[PDB]
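So the sequences go chain by chain: Ak and Ah. Using the entry's author numbering, the first residue of the first sequence is number 1, and each one after it goes up by one. Using the entry's author numbering, the first residue of the second sequence is number 30, and each one after it goes up by one.
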Amino acid sequence: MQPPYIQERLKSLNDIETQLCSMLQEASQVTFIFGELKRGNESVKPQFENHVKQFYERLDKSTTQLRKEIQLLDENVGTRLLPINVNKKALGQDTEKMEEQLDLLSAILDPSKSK
Amino acid sequence: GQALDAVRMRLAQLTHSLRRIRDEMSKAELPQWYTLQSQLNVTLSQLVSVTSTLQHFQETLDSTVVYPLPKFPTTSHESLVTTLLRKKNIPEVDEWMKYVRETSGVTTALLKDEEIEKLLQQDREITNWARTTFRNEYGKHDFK
Numbered sequence: 001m002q003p004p005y006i007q008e009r010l011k012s013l014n015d016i017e018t019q020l021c022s023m024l025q026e027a028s029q030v031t032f033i034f035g036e037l038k039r040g041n042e043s044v045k046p047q048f049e050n051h052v053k054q055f056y057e058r059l060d061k062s063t064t065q066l067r068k069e070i071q072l073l074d075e076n077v078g079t080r081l082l083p084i085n086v087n088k089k090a091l092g093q094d095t096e097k098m099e100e101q102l103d104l105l106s107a108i109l110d111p112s113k114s115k
Numbered sequence: 030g031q032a033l034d035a036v037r038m039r040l041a042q043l044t045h046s047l048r049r050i051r052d053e054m055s056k057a058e059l060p061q062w063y064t065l066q067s068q069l070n071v072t073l074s075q076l077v078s079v080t081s082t083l084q085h086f087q088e089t090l091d092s093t094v095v096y097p098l099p100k101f102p103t104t105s106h107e108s109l110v111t112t113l114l115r116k117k118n119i120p121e122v123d124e125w126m127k128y129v130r131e132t133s134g135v136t137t138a139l140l141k142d143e144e145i146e147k148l149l150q151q152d153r154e155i156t157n158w159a160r161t162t163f164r165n166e167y168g169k170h171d172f173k
């Protein structure tokens with residue numbers, strides 16, 4: 001599985017597009033409410049301020065968090081996930097495919113474990 | 030004549046753009062979406078310019094009086110004259126207009142100072158309030 005850092009980076013990105021979807025939905029409801037506000041029933045007038053404020057605050061902080069994600073693309077070059085060289089796997093495929101084969105021989109060698 | 034000349038050149042370029050978008054839509058294969066958007070936006074903004082310029086020179090257009098040429102023969106070209114000198118909408122626009130009057134309840138030949146005037150005054154204020162509210166909302170968060 002992928003190392004820790006990438007998992008929360010993808011979680012944050014997923015939160016970003018879910019917030020964008022919520023912003024689009026709230027745009028839909030505010031467009032809906034403005035229609036009847038123009039039709040001239042004043043009951044839903046208080047809800048308009050709340051919808052506008054929530055729409056703007058959803059638009060702002062989403063873009064703000066996407067700013068942090070692009071800073072993290074620039075800043076994580078060779079960083080947090082530090083290098084490692086303990087045999088490199090493109091070569092070391094020869095080594096796991098050594099080990100497991102001998103393991104099979106052991107299973108073949110002992111007739112009491114073949115059950 | 031200058032206003033109608035500008036009207037002419039702008040209308041001619043608008044018709045040229047219409048001919049363009051026509052002969053690139055008439056192809057059996059649809060081009061890329063982006064080219065269609067560019068053509069749409071250019072032609073549509075050009076239509077906006079047409080409307081604005083037509084709005085600017087209403088007086089020159091109103092002052093002009095239409096009269097057929099003495100040399101123009103009407104006996105042989107009466108069909109062509111009657112093609113140009115009649116100006117009614119397509120029926121689907123006039124029935125759309127009637128359906129819009131019926132759907133809105135608007136009718137504009139008997140209106141007087143009673144209830145509709147207090148509704149008219151009570152509408153101004155929502156627009157101003159909404160404009161001020163959105164100005165305040167924009168000012169609340171720093172967008173720069």
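Don't be surprised by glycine CBs; every beta carbon is placed ideally from N, CA and C.
A straight-line Cα-Cα distance of about 7 Å links residue 33/Ak and residue 48/Ak. In the three-state DSSP reduction, residue 163/Ah falls in the helix class (H, G or I).
Taking a cut-off of 8 Å on C-beta distances, the segment 103 to 113 of chain Ah does not touch the segment 1 to 9 of chain Ak, as fewer than three cross pairs fall below it.
Here residue 51/Ak is buried. Its C-beta has 16 or more other C-beta atoms within 10 Å. Within chain Ah, the residues 162 have their CB atoms less than 8 Å from the CB of residue 49/Ak, given in chain order. Within chain Ak, the residues placing a beta-carbon under 7 Å from that of residue 166/Ah are 52, 53 and 56, ordered along the chain. Between the beta-carbon of residue 89/Ah and that of residue 32/Ah there is about 4 Å, and that keeps the pair under the 8 Å contact cut.
A direct Cα-to-Cα measurement between residue 115/Ak and residue 68/Ak gives close to 56 Å. Counting along the chain, the unbroken alpha helix (DSSP H) around residue 14/Ak starts and ends at 4 to 39. Listed along chain Ak are 56, 57 and 60, each with a C-beta nearer than 8 Å to that of residue 170/Ah. In the DSSP assignment, residue 123/Ah falls within the unbroken alpha helix (DSSP H) covering 120 to 133.
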